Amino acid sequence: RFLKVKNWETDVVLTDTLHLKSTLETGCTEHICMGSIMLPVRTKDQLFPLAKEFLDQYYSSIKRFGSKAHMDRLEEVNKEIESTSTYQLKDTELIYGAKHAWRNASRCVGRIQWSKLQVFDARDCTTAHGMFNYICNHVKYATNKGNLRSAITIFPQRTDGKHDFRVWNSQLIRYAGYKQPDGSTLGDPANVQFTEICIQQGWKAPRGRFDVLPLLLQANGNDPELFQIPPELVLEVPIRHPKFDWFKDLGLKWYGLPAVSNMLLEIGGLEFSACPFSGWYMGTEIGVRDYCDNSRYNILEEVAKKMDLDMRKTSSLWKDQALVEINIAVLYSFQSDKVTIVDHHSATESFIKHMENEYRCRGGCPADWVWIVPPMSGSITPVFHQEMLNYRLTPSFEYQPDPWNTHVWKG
């Protein structure tokens, strides 16, 4: 089967064949599209075909499909599965697997970088203290004094689902949020629930607008333990504007390292429930969403005030105007401090080139338009005009339940 996508700006038409390898479901049916919906222990019987499918892909990628080495590895994995009910990946397969989960991530605009990923194998980790050490090392490596390097740290895979390794933080670096008795919020309103958990677990909260949350780390299914990332490892950037000298006095800053820690990495049917990964920011993530969502720092009003825009009616476009200036400030600040960041024009243009390269060399590039298009200035980026096909390939990154909802407390 062949599927065509068209770019309505250029009339370029691409043909997808890679979708034939899709597996998991989309949520959609012939009667309903769930394209804008955000959210969607394994028997030996289901495990070996998953392992085999993965190993066939791995061995094809290294041009050894059907080799004695390929056949021996399948044999070895089959035996390990029937004997032990699971299997262990070779370091080469783990690295291949992690890179392809990123390559396959349909919501990621940054995938041109997929083959450049430092993989830290933490499968020998046994305690929350061990996890803390591995994560500090990841943060320091990935930060690299502002010259950011993509990385992922992989903790031991799931066994019976009662011994999961989990990082309870949704992201490695995030600011606390505090609900006040008057209903107002101090800090990042997105993190109020998690902050309360940390405090309950014994964290002494400074109660400021930008407090870096402690790590809450769960090893081998045990109760999670709190750790504070060394402050000297947490790179932050004070936000200022190149023309507006008063912008600095907003008191804004952000951290340099975007590091997602709540997702699950699936490779060959194995499940890595703790696999924190990091790259570098696209400016809009901070300037548009973090700062300007009504449910986040919500700074549009204050900024527009200081610009003395007409705020009496929406049609003056005061919000749009302030939004651009904020996003200029973010890019300017990171650049000035030599912390890696990419603007939404650069990133989407690079993505289009990546996507076209993938169509040619791979037969497709699954992509979720809803997430790929930036949250400001959508149609003046090339991705807006690009038809995309969303489907799910493995290896993959998946959502998983929040650990506080499923954890059985030891006490």
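Superpose the two forms; the largest set of C-alphas matching within 1.5 Å is the rigid core. All residue numbers are counted from 1 along the displayed sequence.
Larger average C-alpha displacement in 5 other deposited structures of this protein, relative to the shown form after a rigid core fit, is seen for 299-307 when comparing 299-307 with 276-284. Between 191-199 and 178-186, the larger root mean square Cα shift in 5 other deposited structures of this protein, once each structure is superposed on the rigid core, falls on 178-186. A chain break between residue 66 and residue 67 is not present, all residues of the deposited sequence in that interval being modelled. Between 377-385 and 52-60, it is 52-60 that carries the larger average Cα temperature factor according to the deposited entry. Judged by mean Cα B factor in the deposited record, 19-27 ranks above the other of 392-400 and 19-27. Reading the B-factor column for the CA atoms of 309, 112, 288, 172 in the entry, the top value corresponds to 309. Of the candidates 205, 264, 119, 212, the one whose C-alpha carries the top B factor in the deposited record is 205. Looking at the C-alpha B-factors along this chain, the one for residue 301 belongs to the highest third. In the deposited entry, the Cα temperature factor of residue 41 places it in the highest third of its chain's modelled residues.
Compared with the other modelled residues of the chain, the Cα B-factor recorded for residue 246 ranks in the highest third.
Residue 188: CA B factor lies in the middle third for its chain, per the PDB record. Among the modelled residues of its chain, residue 347 has a C-alpha B-factor that falls in the lowest third, as given in the PDB entry.
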